[PDB]
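Quick setup: one chain, the form solved without the ligand, written in structure tokens, and binding and motion questions come after.
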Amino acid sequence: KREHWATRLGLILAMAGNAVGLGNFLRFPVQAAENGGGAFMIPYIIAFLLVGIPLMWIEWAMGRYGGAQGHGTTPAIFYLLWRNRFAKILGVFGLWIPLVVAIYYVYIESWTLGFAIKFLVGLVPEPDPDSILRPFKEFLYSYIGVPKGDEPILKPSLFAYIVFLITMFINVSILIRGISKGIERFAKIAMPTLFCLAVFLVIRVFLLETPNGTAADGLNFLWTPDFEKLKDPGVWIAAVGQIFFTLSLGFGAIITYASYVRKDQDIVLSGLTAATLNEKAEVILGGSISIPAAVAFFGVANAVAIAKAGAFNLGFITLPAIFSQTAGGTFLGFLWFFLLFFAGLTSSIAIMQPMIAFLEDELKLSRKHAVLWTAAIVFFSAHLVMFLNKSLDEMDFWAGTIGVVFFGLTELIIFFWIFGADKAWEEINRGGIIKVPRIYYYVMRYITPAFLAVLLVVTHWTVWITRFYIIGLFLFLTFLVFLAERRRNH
């Protein structure tokens, strides 16, 4: 009647791979560097405690609950908790967000496979600072085809394109095998390899020393409070957006994975362990690679200005430029890209599974066909992100930034207010190997929803191409929900 995680360890490593992704190694460092370093960290830690943890529990509980009744996605699950047609509609966001995010994230992930291939085989640039960074800027710019003139059009390289195809093939070959034999098996290999590669890279970074500094200066920058910044709302917004992204909250992905957890299996400890594994990967591992390397070679002020330059400057340009000045630096680049790739891959399979679970659960497609149609929608749609300059940024904003925070508050209200605070509490704790601390009941019912509602309260014409397409996506998925509900009646 339903697929199930085979083992507790597999469960937890799958969920950890869901969370531990590009957010940890690329987004975190830039977010932290742009927002004062340790000035970012206080709100980040508070957000983890007031949003992260409690939404994680709530999403596992929603998933396990839907899964016991044969439903893994939010159009059905929201309706099970609130019997109103509007529940189904709000529910479409938890298919739309992950699909929209999958569209650009799988492409960025393919970049890491491509750069990994090129770094391994040594087809890389050979290098004044601008004189060292420029060939790496050009190498990224040719790969993705950054516009050279006024037209907002991208020309990715043939190699970029084919590597996107291979990346899709790889996602598909894991997903097509299912939960236990696909995602779970694969997490048990990927997560230890990922942890080992990151540890190696931190160790190697910790030894960098130049006339402008050492790695320790980067660790000081990141872990040193600046209580002046606690007053700035932007830091708080940045901190909470990062918490959501990094924990996969509000993307419907945690829910969908929890729907393969057996009805009475614990979610309290398992939920907290996944969350905690992600935070360690983010702040110890992701926090100790990029910022420290950048600071050791350029000093703080220049590392910050680099972070501010682009989402991708640090990870795809600067870090390999820095590695190129060290013995075996091209192979270190390889290992960094290969780290990003398995990090991406364990996350992208998590953000495709919701659309798969919808097609299997609500429309009764076989797994084969659900995975293939999903790959086809994501592949097709990614042509927008590959060819239209700033389409990616637009999707990341509506779905990956705003959308997720909105959807997180929505699922909280649906589960904890409408369905019932006490019934939600009970459902979270049922089968617990530990119980949720009792103060969290008040955090979930009052603090988390207030925190988020407060935050929420506080371009070129081609953006409309992207808005139009991703609104069309929402209408298409709303239509599929409609068909699913008409298949129930027959």
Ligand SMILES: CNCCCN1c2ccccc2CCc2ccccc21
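Heads up: residue numbers just count along the shown sequence, starting at 1.
The form deposited with the ligand bound is left out here; the points below concern that form.
- Although the partner is absent here, residue 393 is a contact residue: one of its heavy atoms lies within 4.5 angstroms of the ligand in the deposited complex.
- For residue 413, no non-hydrogen atom is located within 4.5 Å of the ligand in the deposited complex, even though that partner is not displayed.
- Under a 4.5 angstroms non-hydrogen atom cutoff, the ligand in the deposited complex lacks residue 223 among its neighbouring residues.
- Shown alone here, residue 311 lies within 4.5 Å of the ligand in the deposited complex, counting heavy atoms only.
- Annotation: in the deposited complex, residues 115, 319 and 324 none come within 4.5 Å of the ligand through any heavy atom.
- Among the residues 108, 289, 275, 356, the one placing a heavy atom within 4.5 Å of the ligand in the deposited complex is 108.
- None of 260, 104, 136, 334 but one reaches within 4.5 angstroms of the ligand in the deposited complex through a heavy atom, and that residue is 104.
- In sequence order, 22, 26, 27, 30, 31 are the residues of 16-35 having a heavy atom within 4.5 Å of the ligand in the deposited complex; the partner itself is omitted from this view.
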